[PDB]
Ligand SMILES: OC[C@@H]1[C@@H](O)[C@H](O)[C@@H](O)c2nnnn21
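Take a look at this single chain, the form solved without ligand NTZ, given in structure tokens.
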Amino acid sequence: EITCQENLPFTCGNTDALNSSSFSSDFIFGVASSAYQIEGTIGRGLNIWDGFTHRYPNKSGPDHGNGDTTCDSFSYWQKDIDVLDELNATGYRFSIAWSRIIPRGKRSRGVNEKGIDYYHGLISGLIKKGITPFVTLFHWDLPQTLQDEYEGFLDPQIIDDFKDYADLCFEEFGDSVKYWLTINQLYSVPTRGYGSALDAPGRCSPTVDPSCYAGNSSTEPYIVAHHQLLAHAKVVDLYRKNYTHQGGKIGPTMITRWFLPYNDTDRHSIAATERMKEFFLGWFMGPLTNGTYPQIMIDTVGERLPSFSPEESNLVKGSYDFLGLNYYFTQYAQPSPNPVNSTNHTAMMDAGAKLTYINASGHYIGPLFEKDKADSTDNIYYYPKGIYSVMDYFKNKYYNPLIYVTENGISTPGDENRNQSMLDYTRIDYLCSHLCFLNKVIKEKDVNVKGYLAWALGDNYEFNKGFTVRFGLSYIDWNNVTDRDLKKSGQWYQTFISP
């Protein structure tokens, strides 16, 4: 019987008590990264995140940093590969920058050969080292040209361009890549990119944010989420129909959170937690497992929620071979009003829930996750048992899918110096306690989890944060980005994989 601690101090950092041998022998352990965060702009066209970080530098981070050079993996990808090889990792998830291989967006405008070569070299190098690539087709870095031609995912013309892009990738890399993540965290772009304008492209209602160049926080997230689903379903249908000879699997990446009631005996708090589960997860998981949106969403959102045609509904339903789950933390939910007529209404208010990390009797959900310096009542706290609850939920509610944990990690302040940043014990506690609950759920609930990829390989540009927080397991000196040095967390992870 497996016992896991939910509060500090954790003792699972000991690999005599927990290591890769606690899991099935085929279990994949690795790390993850994304193109915009690690590559640099060298050699590629521009994408909406280059646009956003430049047009609105105070949304790029408090240091106004961006992905211009970041850790320069365009030059030093071979160092990324030596860190993995040093961990004896069997999995690496990275993303192909659409901008690098089709700079002008539409495929008929020509492909960038030098870009295609960059990824062949990378894939060849990983596989030579016995590392399985999980490649994300789209990690938020849409070619700027498509956002300016028709406002990206706001328009249905994105579906065919995305499909021609994906086709180019399966054809070029599919012989070696056997695992494809179509779109990374479905929930993010529509809410942050089109609801609150905290992420690219930064659209939202004028009174939600007056910096926004355009938008409607009330209608656009629903129009964007819809197209993301059709786009995704159309790539999966292209994959399973035209590239089945490649013997790969392809699936979506869902940002998952667990929700607990703020007051676990107030029915209003209980209804708000069930509504969160539906607006956060079901919004995407419902179309993917059933071809339609959740009923609470259809009731609440009404005309602002697009309908799937019977053909579209059939294409989206069951459009995955597995699910990639990104899990970071859990929130307490309590009711909150949905003012549909206010000019500052957003799609996120439609859930009628307010989210916190402290419940009604003042209990904090777990240890600290991310210190907010501007406001401390905004601090984020994590909850190791959340990975247990989310996985058990997905098994029971969504037909026992094959699952890969594609991102799980914790940042530490960039303020810290080199000695302090290399001694990241708070990261060992985060990862070890989630790994202890992940092993327990695989064993007790028989969830079909087949892999785990820690975020991130090394320090890189963090969306909305610049270089002010660090997520890597290996250290990078911003004044000289050549070396990736294993921090304590990286040395711990190494001993975990090979005990």
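Counting begins at 1, following the sequence as shown.
One more form of this protein, deposited with ligand NTZ bound, exists but is not displayed; see below.
The contact with ligand NTZ in the entry with it bound, taken as any heavy atom within 4.5 Å, belongs to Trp140 out of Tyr320, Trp140, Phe279, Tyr179. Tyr328 is the sole member of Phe94, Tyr328, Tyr119, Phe284 with a non-hydrogen atom within 4.5 Å of ligand NTZ in the entry with it bound. Residues within 4.5 angstroms of ligand NTZ in the entry with it bound, judged by any non-hydrogen atom, belong to 181-189 and to none of the other stretches in 123-131, 181-189, 224-232, 413-421. Taking non-hydrogen atoms only, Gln37 approaches ligand NTZ to within 4.5 angstroms in the entry with it bound. When ligand NTZ is considered in the entry with it bound, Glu407 lines it closely, a heavy atom lying within 4.5 Å.
In the entry with it bound, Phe437 stays away from ligand NTZ, with no heavy atom inside 4.5 Å. Contact annotation for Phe471: at least one heavy atom lies within 4.5 Å of ligand NTZ in the entry with it bound.
Residues from 446-464 that approach ligand NTZ in the entry with it bound with a non-hydrogen atom closer than or equal to 4.5 Å are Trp455, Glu462, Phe463, in the order they occur in the chain.
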